[PDB]
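S.K.: So that you have it, the file is protein37.tsv, and it contains TSV, C-alpha atoms:
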```
chain	number	residue	atom	x	y	z
A	711	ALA	CA	1.28	-41.06	9.48
A	712	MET	CA	-1.23	-42.43	12.01
A	713	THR	CA	-4.21	-41.85	9.73
A	714	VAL	CA	-4.44	-43.68	6.41
A	715	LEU	CA	-5.01	-41.66	3.23
A	716	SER	CA	-5.81	-43.51	0.00
A	717	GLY	CA	-7.19	-42.17	-3.25
A	718	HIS	CA	-6.61	-38.54	-2.27
A	719	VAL	CA	-5.02	-35.41	-3.75
A	720	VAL	CA	-1.70	-34.03	-2.48
A	721	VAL	CA	-0.99	-30.39	-3.33
A	722	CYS	CA	2.66	-29.47	-2.79
A	723	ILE	CA	3.12	-25.69	-2.63
A	724	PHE	CA	6.39	-23.76	-2.78
A	725	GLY	CA	4.85	-20.84	-0.91
A	726	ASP	CA	6.30	-18.14	1.30
A	727	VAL	CA	5.02	-15.54	3.75
A	728	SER	CA	5.98	-12.67	1.40
A	729	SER	CA	5.06	-14.50	-1.81
A	730	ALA	CA	2.14	-13.53	-4.03
A	731	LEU	CA	-1.16	-15.34	-3.55
A	732	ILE	CA	-2.14	-17.82	-6.26
A	733	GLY	CA	-5.79	-18.22	-5.27
A	734	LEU	CA	-5.99	-21.85	-4.15
A	735	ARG	CA	-9.81	-21.68	-4.03
A	736	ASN	CA	-9.91	-22.02	-7.83
A	737	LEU	CA	-8.32	-25.45	-7.31
A	738	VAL	CA	-10.73	-26.58	-4.58
A	739	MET	CA	-14.09	-25.45	-6.01
A	740	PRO	CA	-14.01	-27.80	-9.07
A	741	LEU	CA	-13.04	-30.65	-6.73
A	742	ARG	CA	-15.85	-29.74	-4.29
A	743	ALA	CA	-18.68	-29.32	-6.79
A	744	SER	CA	-22.16	-30.53	-5.83
A	745	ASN	CA	-22.18	-32.77	-8.92
A	746	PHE	CA	-20.19	-35.32	-6.88
A	747	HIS	CA	-21.49	-37.30	-3.94
A	748	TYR	CA	-20.00	-36.83	-0.49
A	749	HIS	CA	-18.36	-40.27	-0.54
A	750	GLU	CA	-16.91	-39.54	-4.00
A	751	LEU	CA	-15.09	-36.42	-2.79
A	752	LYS	CA	-11.30	-36.68	-2.79
A	753	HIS	CA	-9.38	-35.60	0.30
A	754	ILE	CA	-7.06	-32.64	-0.30
A	755	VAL	CA	-3.80	-32.42	1.65
A	756	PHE	CA	-1.75	-29.23	1.33
A	757	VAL	CA	1.99	-29.69	1.93
A	758	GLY	CA	3.84	-26.41	2.30
A	759	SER	CA	4.68	-23.51	4.57
A	760	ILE	CA	1.96	-22.70	7.09
A	761	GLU	CA	2.84	-18.99	6.94
A	762	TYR	CA	1.73	-18.84	3.31
A	763	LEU	CA	-1.28	-21.09	3.89
A	764	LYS	CA	-2.68	-18.93	6.71
A	765	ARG	CA	-3.01	-16.09	4.18
A	766	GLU	CA	-5.14	-18.34	1.94
A	767	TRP	CA	-7.27	-20.08	4.59
A	768	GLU	CA	-9.91	-17.32	4.59
A	769	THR	CA	-11.21	-18.67	1.26
A	770	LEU	CA	-10.73	-22.40	1.96
A	771	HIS	CA	-12.30	-22.91	5.41
A	772	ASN	CA	-15.81	-23.52	4.02
A	773	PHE	CA	-14.90	-26.79	2.25
A	774	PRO	CA	-15.52	-30.19	3.90
A	775	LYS	CA	-12.32	-32.26	3.55
A	776	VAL	CA	-9.14	-30.15	3.52
A	777	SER	CA	-6.06	-30.86	5.65
A	778	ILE	CA	-2.71	-29.13	6.08
A	779	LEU	CA	0.72	-30.66	6.73
A	780	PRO	CA	3.23	-27.90	7.57
A	781	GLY	CA	6.55	-28.72	5.96
A	782	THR	CA	8.51	-28.71	2.72
A	783	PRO	CA	7.56	-30.58	-0.49
A	784	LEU	CA	11.24	-31.48	-1.01
A	785	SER	CA	11.37	-33.46	2.25
A	786	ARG	CA	10.76	-37.18	1.76
A	787	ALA	CA	9.44	-37.66	5.30
A	788	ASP	CA	6.49	-35.33	4.68
A	789	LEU	CA	5.71	-37.07	1.38
A	790	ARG	CA	5.84	-40.47	3.08
A	791	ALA	CA	3.59	-39.20	5.88
A	792	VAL	CA	0.73	-38.34	3.50
A	793	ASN	CA	1.12	-41.68	1.68
A	794	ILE	CA	2.23	-40.23	-1.66
A	795	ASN	CA	2.26	-43.74	-3.18
A	796	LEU	CA	-1.50	-44.10	-2.61
A	797	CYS	CA	-2.77	-40.67	-3.71
A	798	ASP	CA	-4.84	-40.23	-6.86
A	799	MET	CA	-2.86	-37.15	-7.91
A	800	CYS	CA	0.08	-35.02	-6.80
A	801	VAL	CA	0.05	-31.37	-7.90
A	802	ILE	CA	3.24	-29.31	-7.62
A	803	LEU	CA	2.78	-25.53	-7.61
A	804	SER	CA	5.26	-22.68	-7.21
A	805	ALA	CA	4.66	-19.22	-5.75
A	806	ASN	CA	8.17	-17.67	-5.79
A	807	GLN	CA	8.26	-16.91	-9.51
A	808	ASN	CA	8.67	-13.12	-9.41
A	809	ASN	CA	11.80	-13.21	-7.22
A	810	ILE	CA	13.94	-15.03	-9.80
A	811	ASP	CA	15.27	-12.59	-12.39
A	812	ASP	CA	16.19	-15.24	-14.97
A	813	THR	CA	13.06	-16.64	-16.59
A	814	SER	CA	14.46	-20.11	-17.35
A	815	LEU	CA	15.43	-20.76	-13.71
A	816	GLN	CA	11.88	-20.16	-12.43
A	817	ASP	CA	11.11	-23.90	-12.67
A	818	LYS	CA	13.98	-25.27	-10.56
A	819	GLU	CA	12.01	-26.20	-7.44
A	820	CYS	CA	9.16	-27.87	-9.36
A	821	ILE	CA	11.54	-29.96	-11.48
A	822	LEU	CA	13.58	-30.92	-8.41
A	823	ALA	CA	10.41	-31.93	-6.55
A	824	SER	CA	9.21	-34.02	-9.50
A	825	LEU	CA	12.56	-35.79	-9.81
A	826	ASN	CA	12.66	-36.36	-6.04
A	827	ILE	CA	9.20	-37.94	-6.04
A	828	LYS	CA	9.93	-40.08	-9.11
A	829	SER	CA	13.04	-41.54	-7.41
B	948	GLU	CA	24.65	-45.65	2.76
B	949	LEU	CA	25.01	-42.87	5.33
B	950	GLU	CA	24.52	-40.37	2.50
B	951	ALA	CA	21.25	-42.07	1.55
B	952	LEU	CA	20.06	-42.17	5.16
B	953	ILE	CA	20.84	-38.48	5.66
B	954	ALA	CA	19.04	-37.71	2.39
B	955	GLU	CA	16.00	-39.67	3.57
B	956	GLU	CA	15.74	-38.22	7.08
B	957	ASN	CA	17.73	-34.92	6.94
B	958	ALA	CA	19.21	-35.91	10.32
B	959	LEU	CA	21.32	-38.56	12.06
B	960	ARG	CA	19.44	-41.54	13.47
B	961	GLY	CA	20.79	-43.45	16.45
B	962	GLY	CA	20.72	-47.19	16.87
B	963	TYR	CA	21.57	-50.00	19.24
B	964	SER	CA	25.03	-51.55	19.10
B	965	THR	CA	25.40	-54.74	17.05
B	966	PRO	CA	28.56	-56.75	16.27
B	967	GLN	CA	28.43	-55.57	12.64
B	968	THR	CA	28.40	-51.91	13.69
B	969	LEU	CA	31.12	-52.54	16.28
B	970	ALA	CA	33.23	-54.14	13.55
B	971	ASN	CA	32.47	-51.07	11.41
B	972	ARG	CA	34.04	-48.96	14.17
B	973	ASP	CA	37.57	-50.22	13.44
B	974	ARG	CA	39.28	-47.70	11.14
B	975	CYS	CA	42.46	-45.60	11.05
B	976	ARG	CA	42.78	-42.08	12.41
B	977	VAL	CA	45.13	-39.16	11.79
B	978	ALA	CA	47.41	-38.37	14.72
B	979	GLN	CA	50.67	-36.69	15.67
B	980	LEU	CA	53.23	-38.39	17.91
B	981	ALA	CA	56.21	-36.94	19.76
B	982	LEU	CA	59.62	-38.58	20.10
B	983	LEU	CA	60.43	-37.09	23.52
B	984	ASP	CA	59.30	-40.03	25.67
B	985	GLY	CA	57.57	-42.53	23.37
B	986	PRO	CA	58.78	-45.99	22.33
B	987	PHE	CA	60.72	-44.34	19.47
B	988	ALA	CA	62.59	-41.89	21.72
B	989	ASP	CA	65.86	-43.82	21.36
B	990	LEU	CA	65.73	-43.30	17.57
B	991	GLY	CA	64.77	-39.62	17.34
B	992	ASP	CA	68.27	-38.46	18.35
B	993	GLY	CA	70.10	-38.56	15.03
B	994	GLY	CA	68.36	-41.63	13.62
B	995	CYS	CA	67.01	-41.85	10.10
B	996	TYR	CA	63.35	-41.59	9.12
B	997	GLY	CA	63.41	-44.96	7.34
B	998	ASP	CA	64.05	-46.97	10.50
B	999	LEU	CA	61.22	-45.11	12.25
B	1000	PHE	CA	58.85	-45.82	9.36
B	1001	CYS	CA	59.80	-49.50	9.20
B	1002	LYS	CA	59.51	-50.02	12.97
B	1003	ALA	CA	56.15	-48.22	13.15
B	1004	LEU	CA	54.77	-50.21	10.21
B	1005	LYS	CA	56.00	-53.60	11.45
B	1006	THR	CA	55.22	-53.27	15.15
B	1007	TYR	CA	52.09	-51.12	15.58
B	1008	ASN	CA	50.92	-51.14	11.92
B	1009	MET	CA	51.46	-47.38	11.92
B	1010	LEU	CA	51.89	-45.39	8.70
B	1011	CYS	CA	54.16	-42.36	9.11
B	1012	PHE	CA	53.81	-39.90	6.24
B	1013	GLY	CA	55.25	-36.56	7.39
B	1014	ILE	CA	57.31	-34.56	9.88
B	1015	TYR	CA	56.10	-31.49	11.78
B	1016	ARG	CA	59.41	-29.82	12.58
B	1017	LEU	CA	60.27	-26.78	14.70
B	1018	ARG	CA	61.12	-23.76	12.56
B	1019	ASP	CA	64.17	-22.77	14.64
B	1020	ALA	CA	65.62	-26.29	14.78
B	1021	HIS	CA	68.42	-26.07	12.21
B	1022	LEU	CA	69.75	-22.93	13.93
B	1023	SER	CA	72.50	-23.56	16.47
B	1024	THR	CA	71.38	-20.69	18.71
B	1025	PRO	CA	68.40	-21.36	21.01
B	1026	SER	CA	65.05	-19.75	20.26
B	1027	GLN	CA	61.67	-19.36	21.95
B	1028	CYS	CA	59.61	-19.81	18.77
B	1029	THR	CA	57.25	-22.79	18.92
B	1030	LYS	CA	56.08	-22.58	15.29
B	1031	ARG	CA	56.53	-25.73	13.22
B	1032	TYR	CA	56.47	-26.38	9.48
B	1033	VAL	CA	55.51	-29.42	7.41
B	1034	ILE	CA	57.84	-31.83	5.60
B	1035	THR	CA	55.87	-34.22	3.39
B	1036	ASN	CA	57.26	-37.74	2.79
B	1037	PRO	CA	60.94	-37.31	3.75
B	1038	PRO	CA	63.52	-39.67	2.20
B	1039	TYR	CA	64.90	-42.77	3.90
B	1040	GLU	CA	68.15	-41.08	4.98
B	1041	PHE	CA	66.40	-38.01	6.42
B	1042	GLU	CA	67.79	-37.21	9.87
B	1043	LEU	CA	65.62	-36.84	12.96
B	1044	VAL	CA	65.81	-34.45	15.91
B	1045	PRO	CA	64.14	-35.11	19.30
B	1046	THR	CA	61.97	-31.96	18.97
B	1047	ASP	CA	59.90	-33.33	16.10
B	1048	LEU	CA	56.34	-34.55	15.57
B	1049	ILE	CA	55.39	-37.44	13.29
B	1050	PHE	CA	52.17	-37.57	11.30
B	1051	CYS	CA	50.69	-41.05	11.46
B	1052	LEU	CA	47.62	-43.13	10.66
B	1053	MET	CA	46.93	-45.11	13.84
B	1054	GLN	CA	44.75	-48.21	13.94
B	1055	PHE	CA	41.75	-48.45	16.24
B	1056	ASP	CA	42.49	-50.29	19.49
B	1057	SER	CA	40.01	-51.69	22.00
```
Just give me the structure of the file as structure tokens.
M.R.:
Amino acid sequence: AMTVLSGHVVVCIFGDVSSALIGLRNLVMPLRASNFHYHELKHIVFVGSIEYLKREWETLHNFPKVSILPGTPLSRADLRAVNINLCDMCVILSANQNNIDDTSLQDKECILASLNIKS
Amino acid sequence: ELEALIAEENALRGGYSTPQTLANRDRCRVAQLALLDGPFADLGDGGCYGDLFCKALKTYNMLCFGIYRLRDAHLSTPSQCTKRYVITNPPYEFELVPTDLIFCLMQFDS
């Protein structure tokens, strides 16, 4: 909340320590291509469990502007801390898809997060 | 409003006392009162429930809505059981015994 983030990217992740990896590097490499200037790069803020994000940091620590906010995407305080009203894009991703047996209920957390942010 | 605040913060937030919040403190609370030594002790020995209700409503703005009565109260023989049962909204002519409790909604007093 102390720092000011404007025109950035907020990646909300529904990760878990025992969840399967989704390979977040494939999201950061297109946004960190050399075709862009350094001042044109968009800050990336990952909002999610730190236990899951420590298992992915070995492929993300070589990129210039990446920050982590440990928390839950469904909490409004965390979203207000990263200035969700000023970001260029919010990306909601889910990692606990294999645990749910019913296929139609696999999108509950993403839909709830979208409705929470829109309200 | 409290629901919205709890939704926003997922916790309870304190605050300094203001006259609006102090006025918000005044409500009514659920309580039980005994007739052994209270102001209504002279009426609990054979009096009717209607007089108790009317006096409580007129004097202390108290709403009586039930009797918590000893289980072994109708029996003539004495008993050591302290269990009590619930009588909800007794009629006007319902008799009272001194070993009774009255459900009430008591106003806040400062």
S.K.: I need the chain B residues near chain A as a list in words; criterion: at most 10 Å, counting all atoms listed in the file.
M.R.: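 Using all atoms listed in the file, chain B residues at most 10 Å from chain A: residues 954, 955, 956 and 957 of chain B.
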S.K.: Please list as a PyMOL selection string every residue within 12 Å of region 976-978 of chain B, counting all atoms listed in the file and excluding residues in the same chain fewer than 3 positions away.
M.R.: chain B and resi 972-973+981+1009-1015+1048-1056
S.K.: Next, dump the selected residues to file, keeping only C-alpha atoms, as a PDB file, in the frame of the given file.
M.R.:
```pdb
ATOM      1  CA  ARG B 972      34.040 -48.960  14.170  1.00  0.00           C
ATOM      2  CA  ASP B 973      37.570 -50.220  13.440  1.00  0.00           C
ATOM      3  CA  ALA B 981      56.210 -36.940  19.760  1.00  0.00           C
ATOM      4  CA  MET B1009      51.460 -47.380  11.920  1.00  0.00           C
ATOM      5  CA  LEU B1010      51.890 -45.390   8.700  1.00  0.00           C
ATOM      6  CA  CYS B1011      54.160 -42.360   9.110  1.00  0.00           C
ATOM      7  CA  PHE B1012      53.810 -39.900   6.240  1.00  0.00           C
ATOM      8  CA  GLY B1013      55.250 -36.560   7.390  1.00  0.00           C
ATOM      9  CA  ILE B1014      57.310 -34.560   9.880  1.00  0.00           C
ATOM     10  CA  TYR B1015      56.100 -31.490  11.780  1.00  0.00           C
ATOM     11  CA  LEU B1048      56.340 -34.550  15.570  1.00  0.00           C
ATOM     12  CA  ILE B1049      55.390 -37.440  13.290  1.00  0.00           C
ATOM     13  CA  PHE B1050      52.170 -37.570  11.300  1.00  0.00           C
ATOM     14  CA  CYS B1051      50.690 -41.050  11.460  1.00  0.00           C
ATOM     15  CA  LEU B1052      47.620 -43.130  10.660  1.00  0.00           C
ATOM     16  CA  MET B1053      46.930 -45.110  13.840  1.00  0.00           C
ATOM     17  CA  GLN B1054      44.750 -48.210  13.940  1.00  0.00           C
ATOM     18  CA  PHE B1055      41.750 -48.450  16.240  1.00  0.00           C
ATOM     19  CA  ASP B1056      42.490 -50.290  19.490  1.00  0.00           C
TER      20      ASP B1056
END
```
S.K.: Could you check how far CA of residue 741 (chain A) sits from CA of residue 824 (chain A), in Å to one decimal?
M.R.: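 Computing it gives 22.7 Å between the two atoms.
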S.K.: Quick one: residues within 7 Å of residue 776 (chain A), all atoms listed in the file counted, chain neighbours fewer than 3 positions away excluded, as a PyMOL selection string?
M.R.: chain A and resi 753-755+773
S.K.: Could you tell me how far CA of residue 1038 (chain B) sits from CA of residue 991 (chain B), in Å to one decimal place?
M.R.: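 About the pair CA of residue 991 (chain B) and CA of residue 1038 (chain B): they are 15.2 Å apart.
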S.K.: So for region 988-996 of chain B, what box centre and size do we get, axis-aligned, 3 Å extra on each of the six sides, every listed atom, Å to one decimal, as AutoDock Vina command-line options?
M.R.:
```
--center_x 66.3 --center_y -41.1 --center_z 15.4 --size_x 13.5 --size_y 11.4 --size_z 18.6
```
S.K.: At what distance in Å, to one decimal, does CA of residue 967 (chain B) lie from CA of residue 949 (chain B)?
M.R.: 15.0 Å
S.K.: Select, from B:979, B:966, B:961, B:1016, the residue with the minimum atom-to-atom distance to residue 1028 (chain B), counting all atoms listed in the file.
M.R.: B:1016
S.K.: If you count only C-alpha atoms, which residues fall within 8 Å of residue 805 (chain A), apart from same-chain ones fewer than 2 positions away, as a ChimeraX atom specification?
M.R.: /A:723-726,729-732,803,807
S.K.: Of the candidates B:1041, B:1031, B:1057, B:1036, which one gets nearest to residue 995 (chain B) if we count all atoms listed in the file?
M.R.: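 The answer is B:1041, which sits nearest to residue 995 (chain B).
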S.K.: Using all atoms listed in the file, which residue out of A:778, A:763, A:827, A:739 lies closest to residue 727 (chain A)?
M.R.: A:763
S.K.: Have a look at A:813, A:796, A:782, A:769 and name the one nearest to residue 722 (chain A); count only C-alpha atoms.
M.R.: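 Smallest separation from residue 722 (chain A) among the options: A:782.
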S.K.: Using the partial input, fill out region 971-985 of chain B with N, CA, C and O atoms; write the result as a CSV table (one decimal), in the coordinates of the input.
M.R.:
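Once everything was written out, this is result_3.csv:
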```
chain,number,residue,atom,x,y,z
B,971,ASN,N,32.4,-52.2,12.3
B,971,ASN,CA,32.5,-51.1,11.4
B,971,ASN,C,33.2,-49.9,12.1
B,971,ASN,O,33.6,-49.0,11.4
B,972,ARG,N,33.4,-50.0,13.4
B,972,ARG,CA,34.0,-49.0,14.2
B,972,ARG,C,35.5,-48.9,13.9
B,972,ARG,O,36.2,-47.9,14.0
B,973,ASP,N,36.1,-50.1,13.6
B,973,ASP,CA,37.6,-50.2,13.4
B,973,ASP,C,38.0,-49.5,12.1
B,973,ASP,O,37.7,-50.0,11.0
B,974,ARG,N,38.7,-48.4,12.3
B,974,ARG,CA,39.3,-47.7,11.1
B,974,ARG,C,40.7,-47.2,11.5
B,974,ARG,O,41.2,-47.6,12.6
B,975,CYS,N,41.2,-46.3,10.8
B,975,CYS,CA,42.5,-45.6,11.0
B,975,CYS,C,42.2,-44.1,11.2
B,975,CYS,O,41.4,-43.5,10.4
B,976,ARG,N,43.0,-43.5,12.1
B,976,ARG,CA,42.8,-42.1,12.4
B,976,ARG,C,44.1,-41.3,12.3
B,976,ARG,O,45.2,-41.9,12.4
B,977,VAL,N,44.0,-40.0,12.0
B,977,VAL,CA,45.1,-39.2,11.8
B,977,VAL,C,45.6,-38.7,13.2
B,977,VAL,O,44.8,-38.2,14.0
B,978,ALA,N,46.9,-38.8,13.4
B,978,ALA,CA,47.4,-38.4,14.7
B,978,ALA,C,48.8,-37.8,14.6
B,978,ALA,O,49.5,-38.1,13.5
B,979,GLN,N,49.3,-37.1,15.6
B,979,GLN,CA,50.7,-36.7,15.7
B,979,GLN,C,51.3,-37.3,16.9
B,979,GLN,O,50.7,-37.3,18.0
B,980,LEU,N,52.5,-37.8,16.8
B,980,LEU,CA,53.2,-38.4,17.9
B,980,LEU,C,54.6,-37.7,18.1
B,980,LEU,O,55.2,-37.3,17.2
B,981,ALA,N,54.9,-37.6,19.4
B,981,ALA,CA,56.2,-36.9,19.8
B,981,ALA,C,57.2,-38.0,20.1
B,981,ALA,O,56.9,-39.1,20.5
B,982,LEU,N,58.5,-37.7,19.9
B,982,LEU,CA,59.6,-38.6,20.1
B,982,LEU,C,60.3,-38.3,21.4
B,982,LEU,O,61.4,-38.8,21.6
B,983,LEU,N,59.8,-37.5,22.3
B,983,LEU,CA,60.4,-37.1,23.5
B,983,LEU,C,60.5,-38.3,24.5
B,983,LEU,O,61.5,-38.6,25.1
B,984,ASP,N,59.4,-39.0,24.7
B,984,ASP,CA,59.3,-40.0,25.7
B,984,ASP,C,58.6,-41.3,25.2
B,984,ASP,O,58.2,-42.1,26.0
B,985,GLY,N,58.3,-41.4,23.9
B,985,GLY,CA,57.6,-42.5,23.4
B,985,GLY,C,58.5,-43.7,23.2
B,985,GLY,O,59.7,-43.7,23.5
```
